[PDB]
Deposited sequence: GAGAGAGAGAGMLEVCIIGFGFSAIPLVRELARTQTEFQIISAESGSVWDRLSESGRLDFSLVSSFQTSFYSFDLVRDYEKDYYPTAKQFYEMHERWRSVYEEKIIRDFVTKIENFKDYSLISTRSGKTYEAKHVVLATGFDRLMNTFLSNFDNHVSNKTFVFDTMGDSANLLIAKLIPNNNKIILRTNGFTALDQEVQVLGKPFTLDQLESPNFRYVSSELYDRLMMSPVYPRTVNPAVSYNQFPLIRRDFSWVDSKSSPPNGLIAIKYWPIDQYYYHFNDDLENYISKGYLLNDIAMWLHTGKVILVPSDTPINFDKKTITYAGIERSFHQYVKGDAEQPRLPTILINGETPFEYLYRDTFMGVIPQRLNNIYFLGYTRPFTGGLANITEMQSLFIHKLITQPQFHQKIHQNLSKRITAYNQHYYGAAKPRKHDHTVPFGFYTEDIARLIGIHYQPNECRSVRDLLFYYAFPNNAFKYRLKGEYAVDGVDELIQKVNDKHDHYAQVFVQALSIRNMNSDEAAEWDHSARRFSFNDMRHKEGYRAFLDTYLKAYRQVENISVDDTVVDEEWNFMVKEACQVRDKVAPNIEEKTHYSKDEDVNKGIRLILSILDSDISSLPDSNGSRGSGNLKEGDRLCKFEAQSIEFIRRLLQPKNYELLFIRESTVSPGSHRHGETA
């Protein structure tokens, strides 16, 4: 009898397959001849974009320990090429077939395929990915279309990439939506670029949820009246967050689009523009789009007639080429029959950690948890270790399964509270989720075991990437020690984010919100760093056009657009003139102090002032309890 059957092989299954091979656990892989989105993109020649996520968080530890030399954003092509190298390694283990049904019994499953071949497996892993409605617009939709109006109903990473490809052909973009959360994928810290995922210091939640909340949420919730922030210049981008019923911030179920702010795009690519664009580094600055009016927001309830293909805003009945419904995404599960008979119904909240479903035996879900920021690799790598330990160690299987029902209840209380199930429940802050899996497995770190200030930085400030937990113990990866030193050496041991937490320990929500926005350039949606980039933007559009052999005339005028843009940008034409310290000042001093006491013993530190008292209490954080683990 087959010990393990993995269904679907793309990206998510790689780490688990690796661990099963290591313990010589008997496994077979079944995966469709047709492959995935990435093969459609490959063969239609549309691997012509880059990831929104850092190398550090998008490629697995066993690759990073060989190939990390610096932070960069991988291209679509580099991501697919990495899928194809790992497929080649394991191709002998893969049956090319399509699973149509799983019949789940007490300690085994009967798997049906389209060939009609049947397989019996004690443990079954689904790593089948998602059906995504937007994939067609990326796969197929045309790059010649020009000067048309498009209406999007929702704003996600796919819509934002499509908008990036549309804008250089003078296509006009209308977002009719109930707000969206966008974040600069990169932040300049004392002149050095940090991806946003490197600045979240998530283990500060254990100190207090209130402190973690005021440190993180001012770019998301409208807490500052600083007139430089997009959610003040363009109030329509604001969301209804009344659904949120949890002390854990940022909450599970929050989604953001991550985008290149034009200032950082310039710093990276100005020097060799066309060649960078040709590689898939595309400018997707939604905030620069709202600034220059190439995108406009209109109310959620703005009247639209699909019969005549017109939207009614600014007293103008406006004609559009295409309405884009908006990315719904569904896990590609085959029919699963409970005890051979009753169809299983998938709901994220009814699985433990997005992996273990109820009323099924020895069936695990790999790849159906989405990270709030950073790449999927961090999530799937930790899920792979969790599944590996559940499949190979019966004691661990029993320990998790015995009280599965109450772990799930305790998880849902902590992270969702009394909120109704939502379609984005599957979205988790990466640094909570990786840490949660690490504590479940026992490869986590103990704050009490920190000895030096250096150790405290590693524990609190070093990002909770999967490879953080493969330094030592049960799932150690060779070379992770040198990886961490490289990453620490390049990011000043994450002293800046440690200092951020220190700066707001004694503030309230509102004070923290003002402080986070006092910078010359604050991290997210800073509308002061747009105007001075218009010259660069034309160099960009021209370079893009040259790359894609496009002709277009920038003298054509859509006076109806102008009335709608000016109607749209009314609040901005009021607020932006009100524009015009602390964060820049506090960071620069804090970092000097911290770097000075790096190798100082914590326990020994004497009685600036209560910042030492605070640093000492980090050995004994008061909000460490996670009842889905304990």
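Missing from the model, relative to the deposited sequence, are the ranges 1-11, 592-595, 623-641, 665-679.
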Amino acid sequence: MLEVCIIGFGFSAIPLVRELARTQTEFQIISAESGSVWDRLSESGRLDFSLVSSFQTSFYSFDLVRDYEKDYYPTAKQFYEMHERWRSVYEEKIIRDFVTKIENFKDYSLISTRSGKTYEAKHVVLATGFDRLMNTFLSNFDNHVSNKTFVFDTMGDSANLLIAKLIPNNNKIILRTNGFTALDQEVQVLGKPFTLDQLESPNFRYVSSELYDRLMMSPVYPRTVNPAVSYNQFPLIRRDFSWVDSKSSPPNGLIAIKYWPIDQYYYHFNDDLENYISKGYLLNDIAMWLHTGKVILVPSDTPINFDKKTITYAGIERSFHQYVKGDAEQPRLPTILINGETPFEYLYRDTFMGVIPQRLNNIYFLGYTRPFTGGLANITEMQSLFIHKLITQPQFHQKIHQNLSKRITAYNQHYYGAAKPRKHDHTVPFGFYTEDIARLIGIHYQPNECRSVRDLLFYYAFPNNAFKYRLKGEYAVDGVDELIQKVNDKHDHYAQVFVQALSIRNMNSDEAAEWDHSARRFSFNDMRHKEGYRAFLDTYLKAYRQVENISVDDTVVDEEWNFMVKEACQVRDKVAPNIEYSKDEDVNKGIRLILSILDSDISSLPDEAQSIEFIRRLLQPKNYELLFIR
From here on, numbers count along this sequence of modelled residues.
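So that the term is clear: the rigid core is the largest set of C-alpha atoms that superpose within 1.5 Å between two forms.
After superposition on the rigid core, the larger root-mean-square Cα deviation in 5 other deposited structures of this protein belongs to 139-147, not to the other of 382-390 and 139-147. Superposing the other copies on the rigid core and comparing 309-317 to 467-475, farther C-alpha placement in 5 other deposited structures of this protein marks 309-317. In at least a third of the other compared PDB entries of this protein that cover both flanking sides, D607 is left without coordinates. Across the other entries compared, none leave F563 without coordinates where the residues on each side are present, so it is far from a third. Here 462-470 and 245-253 are compared by their mean Cα B-factor, and 245-253 comes out higher. With 223-231 and 304-312 compared on mean CA B-factor from the PDB entry, the stretch scoring higher is 304-312.
In the deposited coordinates, the residue among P74, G375, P343, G442 with the greatest CA B-factor is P343. Listed residues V65, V37, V52, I30 were ranked by CA B-factor as deposited; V37 comes out on top.
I6 sits in the lowest third of its chain by CA B factor, as recorded in the PDB entry.
The deposited CA B-factor of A21 belongs to the lowest third of values across its chain. When the modelled residues of the chain are ordered by their C-alpha B factor, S12 lands in the lowest third.
The deposited CA B-factor of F137 belongs to the highest third of values across its chain. Among all modelled residues in its chain, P193 ranks in the middle third by Cα B-factor.
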